[PDB]
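First the structure, in the form of structure tokens, and then the observations on it.
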Amino acid sequence: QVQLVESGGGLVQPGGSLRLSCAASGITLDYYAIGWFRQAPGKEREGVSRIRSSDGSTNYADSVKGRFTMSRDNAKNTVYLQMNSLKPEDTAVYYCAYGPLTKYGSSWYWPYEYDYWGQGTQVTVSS
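Here this note's numbering = 1-based position in the sequence shown + 33.
As structure tokens, this is what we get:
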């Protein structure tokens, strides 16, 4: 029942900024992760960032730390990825994905695998 839709892709010049949106519908669980991923030309898909619903905790991939920020509008069921200081090598299809957190002992663990994916949005950083 979960569906995710990415939007906001476009063409931007080197050094520019862009904000992506991931709108989710059908989520009923309280404890879940939303991840951003990307696949560049010639490369495998890689993780970009993730956020969890319980407390808003995040993580970012080494290549984007400080330049990209992932955040939420709970009333719109939406997560944003704000990208600043864009580089040519940030060019990719960007995807968002959903996966439940799972509890063991006293802690909720992030998933390795995500269950539902959007169709992606193209981000091109080029002169």
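Quick reminder that beta carbons are idealized off the backbone N, C-alpha and C, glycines included.
Cβ neighbours of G151 in the same chain (closer than 6 Å, five flanking residues each side left out): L37, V38, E39, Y128 and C129
Beta-carbon proximity list for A125, same chain, < 7 Å, skipping 5 on both sides: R71, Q72, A73 and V156
As assigned by DSSP and simplified to three states, the class of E77: coil
Every unbroken beta strand (DSSP E) inside the segment 111-154 [3 residues or more]: 111-116, 125-133, 135-137 and 140-142
Reference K136, options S104, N110 and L62, closest by Cα: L62
CB contact flag (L134, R85, <8 Å): yes
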